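Structure file query.csv (CSV, C-alpha atoms and all ligand atoms) is printed below.
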```
chain,number,residue,atom,x,y,z
A,11,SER,CA,84.4,74.1,11.8
A,12,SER,CA,82.8,70.7,12.4
A,13,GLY,CA,79.0,70.3,12.7
A,14,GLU,CA,77.1,70.4,16.0
A,15,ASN,CA,76.0,66.8,15.8
A,16,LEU,CA,76.8,63.2,16.6
A,17,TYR,CA,79.4,61.1,14.7
A,18,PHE,CA,79.2,57.3,14.3
A,19,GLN,CA,81.9,55.2,16.0
A,20,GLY,CA,80.8,51.7,16.4
A,21,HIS,CA,84.0,50.2,18.0
A,22,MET,CA,87.7,50.9,18.6
A,23,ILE,CA,88.5,48.8,15.6
A,24,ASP,CA,87.0,49.6,12.2
A,25,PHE,CA,86.1,46.0,11.2
A,26,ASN,CA,85.5,47.1,7.6
A,27,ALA,CA,89.2,47.8,7.4
A,28,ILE,CA,89.9,44.2,8.1
A,29,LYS,CA,87.1,42.8,5.8
A,30,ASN,CA,88.3,45.1,2.9
A,31,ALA,CA,92.1,44.9,3.6
A,32,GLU,CA,94.6,44.8,0.8
A,33,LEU,CA,95.0,41.1,0.2
A,34,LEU,CA,98.0,39.4,-1.3
A,35,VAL,CA,98.0,35.8,-2.4
A,36,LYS,CA,101.6,35.7,-3.8
A,37,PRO,CA,104.2,35.3,-2.5
A,38,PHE,CA,101.9,34.2,0.4
A,39,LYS,CA,98.4,35.0,1.6
A,40,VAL,CA,98.6,38.2,3.8
A,41,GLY,CA,96.2,41.0,4.6
A,42,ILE,CA,97.4,44.6,5.1
A,43,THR,CA,95.1,47.3,6.6
A,44,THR,CA,95.0,51.1,6.6
A,45,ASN,CA,93.0,53.1,9.2
A,46,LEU,CA,92.4,50.0,11.4
A,47,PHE,CA,91.4,52.3,14.3
A,48,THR,CA,88.5,54.7,14.4
A,49,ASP,CA,90.2,57.1,16.9
A,50,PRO,CA,94.0,56.6,16.4
A,51,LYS,CA,95.5,59.8,17.9
A,52,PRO,CA,95.3,59.0,21.6
A,53,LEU,CA,96.7,55.4,21.3
A,54,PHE,CA,100.4,56.4,21.0
A,55,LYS,CA,100.4,58.3,24.3
A,56,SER,CA,98.3,55.6,26.1
A,57,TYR,CA,100.7,52.8,25.1
A,58,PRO,CA,102.3,51.2,28.2
A,59,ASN,CA,105.8,52.3,29.1
A,60,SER,CA,106.5,49.9,32.0
A,61,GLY,CA,106.4,46.2,32.5
A,62,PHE,CA,108.5,45.2,29.5
A,63,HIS,CA,111.2,42.5,29.4
A,64,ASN,CA,114.1,42.8,26.9
A,65,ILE,CA,114.5,39.6,24.9
A,66,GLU,CA,117.1,38.6,22.3
A,67,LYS,CA,118.8,35.9,20.3
A,68,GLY,CA,122.2,36.5,18.6
A,73,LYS,CA,116.5,33.1,14.0
A,74,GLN,CA,117.9,36.3,15.5
A,75,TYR,CA,116.2,39.3,17.2
A,76,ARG,CA,116.4,42.0,19.8
A,77,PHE,CA,113.3,43.9,21.2
A,78,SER,CA,111.2,44.2,24.4
A,79,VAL,CA,107.8,42.7,25.2
A,80,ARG,CA,105.0,43.2,27.8
A,81,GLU,CA,102.5,40.4,27.7
A,82,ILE,CA,98.8,40.7,28.6
A,83,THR,CA,98.5,38.2,31.5
A,84,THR,CA,95.9,36.5,33.6
A,85,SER,CA,96.8,39.1,36.3
A,86,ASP,CA,95.5,41.8,34.0
A,87,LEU,CA,92.3,39.8,33.5
A,88,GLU,CA,91.8,39.4,37.2
A,89,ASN,CA,92.4,43.0,38.2
A,90,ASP,CA,90.2,44.5,35.4
A,91,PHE,CA,93.2,45.9,33.5
A,92,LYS,CA,94.0,48.4,36.3
A,93,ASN,CA,97.6,48.7,35.3
A,94,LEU,CA,96.8,49.6,31.6
A,95,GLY,CA,94.9,52.3,29.8
A,96,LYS,CA,91.3,51.5,29.3
A,97,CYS,CA,91.8,51.4,25.5
A,98,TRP,CA,93.8,48.2,25.9
A,99,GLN,CA,91.0,46.5,27.8
A,100,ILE,CA,88.7,47.6,24.9
A,101,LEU,CA,91.1,46.2,22.3
A,102,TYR,CA,91.3,42.8,24.2
A,103,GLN,CA,87.5,42.7,24.3
A,104,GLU,CA,87.2,43.4,20.6
A,105,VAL,CA,89.8,40.9,19.6
A,106,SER,CA,87.9,38.3,21.6
A,107,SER,CA,84.5,39.2,20.0
A,108,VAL,CA,82.5,37.6,17.3
A,109,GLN,CA,83.0,40.7,15.2
A,110,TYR,CA,86.7,40.0,15.0
A,111,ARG,CA,86.1,36.4,14.0
A,112,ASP,CA,83.6,37.5,11.4
A,113,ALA,CA,85.9,40.1,9.9
A,114,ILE,CA,88.9,37.7,9.5
A,115,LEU,CA,86.5,35.0,8.0
A,116,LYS,CA,85.4,37.5,5.4
A,117,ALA,CA,88.9,38.8,4.6
A,118,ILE,CA,90.9,35.5,4.3
A,119,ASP,CA,88.3,32.7,4.5
A,120,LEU,CA,89.8,31.3,7.7
A,121,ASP,CA,87.5,30.6,10.7
A,122,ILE,CA,89.1,31.3,14.1
A,123,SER,CA,86.1,30.3,16.2
A,124,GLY,CA,87.1,28.4,19.4
A,125,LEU,CA,90.8,29.0,18.9
A,126,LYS,CA,92.9,30.5,21.7
A,127,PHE,CA,95.1,33.6,21.6
A,128,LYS,CA,98.0,35.5,23.2
A,129,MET,CA,98.3,39.3,23.1
A,130,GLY,CA,101.4,41.3,23.8
A,131,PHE,CA,102.9,44.8,23.4
A,132,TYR,CA,106.2,44.7,21.4
A,133,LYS,CA,108.5,47.6,21.5
A,134,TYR,CA,111.6,48.1,19.4
A,135,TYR,CA,113.5,51.1,20.8
A,136,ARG,CA,117.3,50.8,20.5
A,137,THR,CA,119.6,51.1,17.5
A,138,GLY,CA,119.8,47.6,16.1
A,139,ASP,CA,116.5,46.2,17.4
A,140,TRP,CA,115.1,43.9,14.7
A,141,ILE,CA,114.0,40.4,13.8
A,142,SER,CA,115.7,38.3,11.1
A,143,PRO,CA,113.9,36.5,8.3
A,144,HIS,CA,111.5,33.8,9.6
A,145,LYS,CA,108.2,32.3,8.9
A,146,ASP,CA,106.5,32.1,12.4
A,147,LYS,CA,106.1,28.9,14.4
A,148,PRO,CA,103.8,26.3,12.7
A,149,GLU,CA,101.7,26.1,15.9
A,150,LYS,CA,100.5,29.7,15.1
A,151,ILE,CA,97.4,29.5,13.0
A,152,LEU,CA,97.1,33.3,12.5
A,153,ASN,CA,99.3,36.3,13.4
A,154,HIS,CA,98.0,39.9,13.5
A,155,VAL,CA,100.5,42.7,14.1
A,156,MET,CA,99.1,46.2,14.8
A,157,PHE,CA,101.1,49.4,14.8
A,158,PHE,CA,100.6,52.5,17.0
A,159,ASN,CA,103.2,55.1,16.1
A,160,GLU,CA,101.7,58.5,15.3
A,161,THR,CA,104.8,59.5,13.3
A,162,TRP,CA,107.6,57.4,11.8
A,163,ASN,CA,110.7,58.6,10.0
A,164,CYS,CA,111.2,55.9,7.3
A,165,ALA,CA,114.9,56.5,7.2
A,166,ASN,CA,115.1,55.1,10.7
A,167,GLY,CA,114.4,51.5,9.6
A,168,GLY,CA,111.8,49.5,11.4
A,169,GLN,CA,109.6,48.5,8.4
A,170,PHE,CA,107.8,45.2,8.4
A,171,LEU,CA,109.4,43.3,5.4
A,172,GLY,CA,107.5,40.7,3.4
A,173,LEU,CA,110.1,38.5,1.8
A,174,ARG,CA,110.3,35.9,-1.0
A,175,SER,CA,112.9,33.7,0.9
A,176,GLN,CA,115.0,33.7,4.0
A,177,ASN,CA,117.1,36.7,3.0
A,178,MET,CA,116.7,40.3,4.2
A,179,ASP,CA,117.4,41.7,0.7
A,180,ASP,CA,114.7,39.5,-1.1
A,181,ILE,CA,111.9,42.0,-0.4
A,182,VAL,CA,108.5,41.9,-2.0
A,183,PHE,CA,106.6,44.4,0.0
A,184,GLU,CA,107.1,46.7,3.0
A,185,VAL,CA,104.7,48.1,5.7
A,186,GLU,CA,105.5,51.3,7.6
A,187,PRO,CA,104.8,51.0,11.4
A,188,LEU,CA,102.2,53.8,11.5
A,189,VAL,CA,98.9,53.7,13.5
A,190,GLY,CA,96.2,52.2,11.4
A,191,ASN,CA,98.5,49.9,9.5
A,192,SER,CA,98.5,46.2,10.4
A,193,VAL,CA,99.4,42.9,8.8
A,194,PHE,CA,97.7,39.6,9.3
A,195,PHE,CA,98.7,36.2,7.9
A,196,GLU,CA,98.7,32.5,8.4
A,197,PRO,CA,102.2,31.1,9.0
A,198,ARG,CA,103.1,28.7,6.2
A,199,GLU,CA,106.3,27.1,4.8
A,200,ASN,CA,107.0,30.3,2.8
A,201,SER,CA,105.5,33.2,5.0
A,202,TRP,CA,109.0,34.8,5.2
A,203,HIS,CA,109.1,38.2,6.9
A,204,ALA,CA,111.4,40.4,9.0
A,205,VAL,CA,111.8,43.8,10.6
A,206,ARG,CA,114.5,46.1,9.1
A,207,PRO,CA,116.9,47.0,12.0
A,208,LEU,CA,116.4,50.4,13.7
A,209,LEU,CA,119.1,53.0,12.8
A,210,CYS,CA,118.5,55.1,16.0
A,211,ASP,CA,116.9,55.0,19.4
A,212,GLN,CA,113.2,55.7,18.5
A,213,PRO,CA,110.3,53.7,20.0
A,214,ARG,CA,108.5,51.6,17.4
A,215,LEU,CA,105.3,50.4,19.1
A,216,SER,CA,103.1,47.4,18.2
A,217,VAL,CA,100.7,44.8,19.5
A,218,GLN,CA,100.7,41.2,18.3
A,219,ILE,CA,97.8,38.8,18.5
A,220,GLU,CA,98.9,35.2,18.1
A,221,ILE,CA,96.1,32.7,17.4
A,222,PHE,CA,96.6,29.0,18.0
A,223,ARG,CA,95.1,25.6,18.8
A,224,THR,CA,98.2,24.0,20.4
A,225,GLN,CA,99.8,25.9,23.2
A,226,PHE,CA,103.5,27.0,22.8
A,301,LIG,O1,106.8,43.7,14.6
A,301,LIG,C1,106.7,43.3,13.5
A,301,LIG,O2,106.5,44.0,12.4
A,301,LIG,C2,106.8,41.7,13.1
A,301,LIG,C3,107.3,40.9,14.3
A,301,LIG,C4,107.3,39.4,14.1
A,301,LIG,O3,107.3,38.9,13.0
A,301,LIG,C5,107.5,38.4,15.3
A,301,LIG,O4,107.8,38.9,16.4
A,301,LIG,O5,107.3,37.1,15.0
A,302,FE,FE,107.0,36.9,12.9
```
Render the structure in this file as structure tokens.
Ligand SMILES: O=C(O)CCC(=O)C(=O)O
Ligand SMILES: [Fe+3]
Amino acid sequence: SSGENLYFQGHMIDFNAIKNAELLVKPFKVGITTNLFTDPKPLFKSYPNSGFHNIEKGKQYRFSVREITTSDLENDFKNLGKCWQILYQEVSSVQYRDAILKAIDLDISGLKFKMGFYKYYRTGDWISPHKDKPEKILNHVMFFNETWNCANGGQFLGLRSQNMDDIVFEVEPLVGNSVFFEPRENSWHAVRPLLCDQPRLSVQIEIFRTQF
């Protein structure tokens, strides 16, 4: 049994998990976290299940997205679980800027961001090898699944070229795991297609100077 006492939990994000992320410099500079969230178990059930739009291109991809919008800001996040309002507040905090600066020596102060929920949930949902738009200065993908059968596909793939088989590293879409990187001319990555209808749940933070 656990002790009859308090336990420290400074924020929803464990910022030390960003500062001390696994850090690759080759094939490109990319940080990979474990245990990004201090209280991961409730996040899967609280993830939104309405308000998504299916999007696809046959660079190729098929998935669904629900953006955070100015409507959510103006109604105090009333259509979302409170944890997503807290995540928005922490991403927009000095603590997040300080953690990224320590991890990868990139200063995001004064930059803008978009934040969206990305859901792959149908057999075949995927994204093909791509680098991200050059307008994006930093991308941070965060995963929320409590369980994931690796045989179902859906891994984030770090690649050495624009080829699905030219894999250097893989990340499973499990809560606590996340990947953050600056898009560059060789930041090739993809998502291995789903082999069955299982929801694979993530949030992407896209940081930029020039709107796109
Ligand atoms: O969900 C992921 O693991 C990565 C998605 C991605 O690279 C994108 O949508 O640009
Ligand atoms: Fe991408």
**Item:** Pairwise distance for CA of residue 167 in chain A and CA of residue 204 in chain A, rounded to one decimal in Å
**Value:**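 Spanning CA of residue 167 in chain A to CA of residue 204 in chain A is a straight-line distance of 11.5 Å.
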**Asked** Residues within 6 Å of ligand LIG 301 (chain A) (only C-alpha atoms and all ligand atoms), as a list in words?
**Response** residues 146, 170, 204 and 205 of chain A
**Asked** Given the choices A:104, A:191, A:63, A:57, which gets closest to residue 79 in chain A if the distance is worked out from only C-alpha atoms?
**Response** A:63
Produce a table with one row for each residue of chain A that has an atom at most 10 Å from any atom of ligand FE 302 (chain A), each row naming the nearest atom pair and its distance in Å at one decimal; use all atoms listed in the file; arrange rows by chain and rising residue number; format as JSON lines.
```
{"residue": "A:141", "atom": "CA", "partner": "A:FE302", "partner_atom": "FE", "distance": 7.9}
{"residue": "A:142", "atom": "CA", "partner": "A:FE302", "partner_atom": "FE", "distance": 9.0}
{"residue": "A:143", "atom": "CA", "partner": "A:FE302", "partner_atom": "FE", "distance": 8.3}
{"residue": "A:144", "atom": "CA", "partner": "A:FE302", "partner_atom": "FE", "distance": 6.4}
{"residue": "A:145", "atom": "CA", "partner": "A:FE302", "partner_atom": "FE", "distance": 6.2}
{"residue": "A:146", "atom": "CA", "partner": "A:FE302", "partner_atom": "FE", "distance": 4.9}
{"residue": "A:147", "atom": "CA", "partner": "A:FE302", "partner_atom": "FE", "distance": 8.2}
{"residue": "A:150", "atom": "CA", "partner": "A:FE302", "partner_atom": "FE", "distance": 9.9}
{"residue": "A:153", "atom": "CA", "partner": "A:FE302", "partner_atom": "FE", "distance": 7.7}
{"residue": "A:154", "atom": "CA", "partner": "A:FE302", "partner_atom": "FE", "distance": 9.5}
{"residue": "A:155", "atom": "CA", "partner": "A:FE302", "partner_atom": "FE", "distance": 8.8}
{"residue": "A:170", "atom": "CA", "partner": "A:FE302", "partner_atom": "FE", "distance": 9.5}
{"residue": "A:195", "atom": "CA", "partner": "A:FE302", "partner_atom": "FE", "distance": 9.7}
{"residue": "A:197", "atom": "CA", "partner": "A:FE302", "partner_atom": "FE", "distance": 8.5}
{"residue": "A:201", "atom": "CA", "partner": "A:FE302", "partner_atom": "FE", "distance": 8.9}
{"residue": "A:202", "atom": "CA", "partner": "A:FE302", "partner_atom": "FE", "distance": 8.2}
{"residue": "A:203", "atom": "CA", "partner": "A:FE302", "partner_atom": "FE", "distance": 6.5}
{"residue": "A:204", "atom": "CA", "partner": "A:FE302", "partner_atom": "FE", "distance": 6.8}
{"residue": "A:205", "atom": "CA", "partner": "A:FE302", "partner_atom": "FE", "distance": 8.7}
{"residue": "A:218", "atom": "CA", "partner": "A:FE302", "partner_atom": "FE", "distance": 9.3}
{"residue": "A:220", "atom": "CA", "partner": "A:FE302", "partner_atom": "FE", "distance": 9.8}
```
**Request:** Could you please determine the separation between CA of residue 43 in chain A and CA of residue 180 in chain A in Å, to one decimal place?
**Result:**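 So the two atoms, CA of residue 43 in chain A and CA of residue 180 in chain A, lie 22.5 Å apart.
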**Request:** Find the residues with any atom within 6 Å of (109.1, 48.8, 20.1); use all atoms listed in the file and the coordinates as given in the file, and write the answer as a ChimeraX atom specification.
**Result:** /A:132-135,213-215
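All residues that come within 9 Å of the coordinates (102.0, 23.0, 15.6), counting all atoms listed in the file, are given as residues 147, 148, 149, 150, 151, 222, 223, 224, 225 and 226 of chain A.
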**Message:** Which residue is closest to residue 103 in chain A? Choose from A:193, A:210, A:122, A:87 and count all atoms listed in the file.
**Reply:** A:87
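Using all atoms listed in the file for every distance, the candidate list A:140, A:88, A:38, A:206 yields A:206 as the residue closest to residue 179 in chain A.
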**Complete:** A straight line from CA of residue 188 in chain A to CA of residue 118 in chain A spans 22.7 Å
**Request:** Using all atoms listed in the file, find the one residue out of A:78, A:84, A:99, A:212 that sits nearest to residue 165 in chain A.
**Result:**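 For residue 165 in chain A, the nearest of the given residues is A:212.
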Contact table range 83-186 of chain A vs range 15-33 of chain A, cut-off 12 Å, shortest pair per residue, all atoms listed in the file, as JSON lines:
```
{"residue": "A:96", "atom": "CA", "partner": "A:22", "partner_atom": "CA", "distance": 11.3}
{"residue": "A:97", "atom": "CA", "partner": "A:22", "partner_atom": "CA", "distance": 8.0}
{"residue": "A:98", "atom": "CA", "partner": "A:22", "partner_atom": "CA", "distance": 9.9}
{"residue": "A:99", "atom": "CA", "partner": "A:22", "partner_atom": "CA", "distance": 10.7}
{"residue": "A:100", "atom": "CA", "partner": "A:22", "partner_atom": "CA", "distance": 7.2}
{"residue": "A:101", "atom": "CA", "partner": "A:22", "partner_atom": "CA", "distance": 6.9}
{"residue": "A:102", "atom": "CA", "partner": "A:22", "partner_atom": "CA", "distance": 10.5}
{"residue": "A:103", "atom": "CA", "partner": "A:22", "partner_atom": "CA", "distance": 10.0}
{"residue": "A:104", "atom": "CA", "partner": "A:23", "partner_atom": "CA", "distance": 7.5}
{"residue": "A:105", "atom": "CA", "partner": "A:23", "partner_atom": "CA", "distance": 8.9}
{"residue": "A:107", "atom": "CA", "partner": "A:21", "partner_atom": "CA", "distance": 11.2}
{"residue": "A:108", "atom": "CA", "partner": "A:25", "partner_atom": "CA", "distance": 11.0}
{"residue": "A:109", "atom": "CA", "partner": "A:25", "partner_atom": "CA", "distance": 7.3}
{"residue": "A:110", "atom": "CA", "partner": "A:25", "partner_atom": "CA", "distance": 7.1}
{"residue": "A:111", "atom": "CA", "partner": "A:25", "partner_atom": "CA", "distance": 10.0}
{"residue": "A:112", "atom": "CA", "partner": "A:29", "partner_atom": "CA", "distance": 8.5}
{"residue": "A:113", "atom": "CA", "partner": "A:29", "partner_atom": "CA", "distance": 5.1}
{"residue": "A:114", "atom": "CA", "partner": "A:29", "partner_atom": "CA", "distance": 6.6}
{"residue": "A:115", "atom": "CA", "partner": "A:29", "partner_atom": "CA", "distance": 8.1}
{"residue": "A:116", "atom": "CA", "partner": "A:29", "partner_atom": "CA", "distance": 5.6}
{"residue": "A:117", "atom": "CA", "partner": "A:29", "partner_atom": "CA", "distance": 4.5}
{"residue": "A:118", "atom": "CA", "partner": "A:33", "partner_atom": "CA", "distance": 8.1}
{"residue": "A:119", "atom": "CA", "partner": "A:29", "partner_atom": "CA", "distance": 10.3}
{"residue": "A:120", "atom": "CA", "partner": "A:29", "partner_atom": "CA", "distance": 12.0}
{"residue": "A:154", "atom": "CA", "partner": "A:28", "partner_atom": "CA", "distance": 10.6}
{"residue": "A:156", "atom": "CA", "partner": "A:23", "partner_atom": "CA", "distance": 10.9}
{"residue": "A:185", "atom": "CA", "partner": "A:32", "partner_atom": "CA", "distance": 11.7}
```
**Request:** Pick out the closest residue to residue 50 in chain A from this set: A:82, A:189, A:208, A:182. Count all atoms listed in the file.
**Result:**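 Of the candidates, the smallest distance to residue 50 in chain A is held by A:189.
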**Message:** Ranking A:139, A:75, A:42, A:86 by minimum distance to residue 184 in chain A and counting only C-alpha atoms, which one comes first?
**Reply:**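 Counting only C-alpha atoms, the residue closest to residue 184 in chain A is A:42.
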